[PDB]
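Coordinate analysis (summary)
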Amino acid sequence: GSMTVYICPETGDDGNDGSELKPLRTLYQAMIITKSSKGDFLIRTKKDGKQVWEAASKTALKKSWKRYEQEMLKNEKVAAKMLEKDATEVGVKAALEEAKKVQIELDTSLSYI
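Residues numbered from 1 in each chain as written, not as in the entry; some residues may be left out. Heavy atoms only, no water.

This entry lists solution NMR as its structure determination method.

What to know about a positive patch on the surface
There is a patch of like positive charges on the surface, built from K63, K66, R67 and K74. For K74, the location among the structural elements is in helix α2 (residues 58-74). (Patch = residues over 30% accessible without salt bridge, like charges linked within 9 Å, V, L, I, M, F, W, Y side chains within 5 Å. Areas by Shrake-Rupley, 256 points an atom, 1.4 Å probe, with all protein chains shown as cover. Salt bridge = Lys/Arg side-chain N within 4 Å of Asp/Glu carboxyl O. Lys, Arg positive; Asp, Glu negative; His and termini not counted. Charge placed at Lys NZ, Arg CZ, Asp CG, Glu CD. Helix = DSSP H or I, 4+ residues; strand = E, 2+ residues; numbered from the N terminus.)

So, the environment of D40
Checked against the element boundaries, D40 lands in the loop between α1 (27-34) and β2 (41-47). A C-alpha to C-alpha distance of 7.6 Å links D40 and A56, two positions 16 residues apart in sequence. With residues up to four places along the chain from it excluded, the contact list for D40 reads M3, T4 and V5. Polar contacts involving the side chain of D40 include one to the side chain of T4, which spans 2.7 Å. (Contact = heavy atoms within 4.5 Å. Polar contact = N/O pair within 3.5 Å; in protein donor to acceptor, adjacent residues only side chain to side chain.)

Spelled out as structure tokens, the structure:
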């Protein structure tokens, strides 16, 4: 479990799925999709000229979640898009029964005749 959300304020977008390929542009949305808050959130930073993923800090996380409170606690009409992909499993078996005959020999001799 624990969905890692990737944030690129630079080249991603707040409306994405928050993957490494589709990074979010806000840490706030990372918290929305997962609602894990203290989960693993990685934000791309450019360190020594290279873009790397750095783990979000509790300070930045709470800074993002503080706003989550504001909109979600009061519950305004902004629509917090999470969306699940799919978890639908199908299955059906065919019902049938065996049908055989049996021989039943009876005397039918009549003991009282």
